[PDB]
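K.L.:
Handing you a structure now.
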Amino acid sequence: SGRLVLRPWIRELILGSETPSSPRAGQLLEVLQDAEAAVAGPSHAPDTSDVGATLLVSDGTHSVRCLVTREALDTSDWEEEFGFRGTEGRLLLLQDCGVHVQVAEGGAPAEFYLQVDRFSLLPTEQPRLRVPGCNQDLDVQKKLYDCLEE
């Protein structure tokens, strides 16, 4: 019956000259930092509900680190348990995001990353394919260094 494919978008978005207008579908490769739900009231248990989620997201061609803002998380309505672990391989729609620059810090070189302010989780689950990071791309690398020089 054929298959419905998603267009790669990461490399083109970064190299493009404008902030994203339309939503972008991607696969969740890995949870680098999961999030905890905000629990009301004082408790000796640690509260980390002011930190977002950090995800590694693939578009079939490249991966990118995504910071899922606390704003995106708290407004969202969750079917299963709050947070992302257990959803590796699922399709993920980034409805509101932006390309940001992270300067070198704590041993890690500068890179482009995404900040996600609104997302939805699609039901589609799929095999996870090893894929180069978008920052390993020569054109991206060149633009990173242009960006840093400002």
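Following the order of the structure tokens, chains are lettered A, B, ..., residues in each are numbered from 1, and ligands are numbered from 1.
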Within 6 Å of region 49-55 of chain A, counting only C-alpha atoms, which residues qualify if same-chain residues fewer than 6 places away don't, as JSON, numbers by chain?

P.N.:
{"A": [30, 31, 32, 33, 34, 35, 36, 37, 38, 65, 66, 67, 68, 69, 70]}

K.L.:
Identify, on the basis of only C-alpha atoms, every residue whose closest approach to region 76-92 of chain A does not exceed 6 Å; exclude the query and any residue fewer than 2 positions from it along the same chain; express the result as a JSON list (two decimals) with C-alpha atoms, in the first residue's frame.

P.N.:
```json
[["chain", "number", "residue", "atom", "x", "y", "z"],
["A", 25, "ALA", "CA", 7.68, 15.85, 13.13],
["A", 26, "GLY", "CA", 10.66, 13.96, 14.55],
["A", 27, "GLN", "CA", 11.49, 10.67, 16.28],
["A", 28, "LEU", "CA", 12.55, 10.64, 19.91],
["A", 29, "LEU", "CA", 15.91, 8.83, 19.85],
["A", 30, "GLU", "CA", 16.93, 9.21, 23.48],
["A", 35, "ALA", "CA", 11.30, 15.75, 33.68],
["A", 73, "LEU", "CA", 5.58, 20.35, 29.82],
["A", 74, "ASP", "CA", 3.18, 21.92, 32.32],
["A", 121, "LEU", "CA", 3.20, 13.02, 21.06],
["A", 122, "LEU", "CA", 2.03, 11.12, 18.00],
["A", 124, "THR", "CA", 3.40, 6.19, 15.66],
["A", 125, "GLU", "CA", 6.24, 4.04, 16.99],
["A", 126, "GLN", "CA", 9.17, 3.03, 14.81],
["A", 128, "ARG", "CA", 15.44, 3.88, 15.81]]
```

K.L.:
Could you pull out all residues of region 13-127 of chain A with a DSSP call of alpha helix (DSSP H) and give them as a CSV table (one decimal) with N, CA and C atoms, in the first residue's frame?

P.N.:
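Once written, selection-v9.csv looks like this:
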```csv
chain,number,residue,atom,x,y,z
A,13,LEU,N,16.5,23.8,8.5
A,13,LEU,CA,16.0,24.8,9.4
A,13,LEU,C,17.1,25.7,10.0
A,14,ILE,N,18.2,25.1,10.4
A,14,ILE,CA,19.3,25.7,11.0
A,14,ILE,C,20.0,26.6,10.0
A,15,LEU,N,20.2,26.1,8.7
A,15,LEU,CA,20.8,26.9,7.7
A,15,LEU,C,19.9,28.0,7.1
A,70,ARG,N,9.8,24.1,30.3
A,70,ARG,CA,8.8,23.8,31.4
A,70,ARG,C,7.4,24.3,31.0
A,71,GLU,N,7.3,25.4,30.2
A,71,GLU,CA,6.1,25.8,29.6
A,71,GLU,C,5.4,24.8,28.7
A,72,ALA,N,6.2,24.1,27.9
A,72,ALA,CA,5.7,23.0,27.1
A,72,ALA,C,5.2,21.8,27.9
A,73,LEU,N,5.9,21.5,29.0
A,73,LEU,CA,5.6,20.4,29.8
A,73,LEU,C,4.3,20.5,30.7
A,74,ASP,N,4.3,21.7,31.3
A,74,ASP,CA,3.2,21.9,32.3
A,74,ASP,C,1.8,22.1,31.7
A,75,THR,N,1.8,22.7,30.5
A,75,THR,CA,0.5,22.9,29.7
A,75,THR,C,0.0,21.6,29.1
```

K.L.:
Applying 9 Å and only C-alpha atoms, which residues near region 145-149 of chain A remain after dropping the ones on its own chain fewer than 6 positions away? List them as a list in words.

P.N.:
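My reading of the contact set: residues 101, 103 and 110 of chain A.
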
K.L.:
Write out as a PyMOL selection string each polymer residue whose atoms come within 10 Å of region 5-10 of chain A, counting only C-alpha atoms; drop sequence neighbours fewer than 3 positions from it.

P.N.:
chain A and resi 2+13-16+24-26+57-64+99+113-114+133-134

K.L.:
Give me, as a ChimeraX atom specification, the residues of chain A that a backbone DSSP run labels strand (DSSP E or B).

P.N.:
/A:24-33,53-58,63-68,90-102,105,108,111-125,133
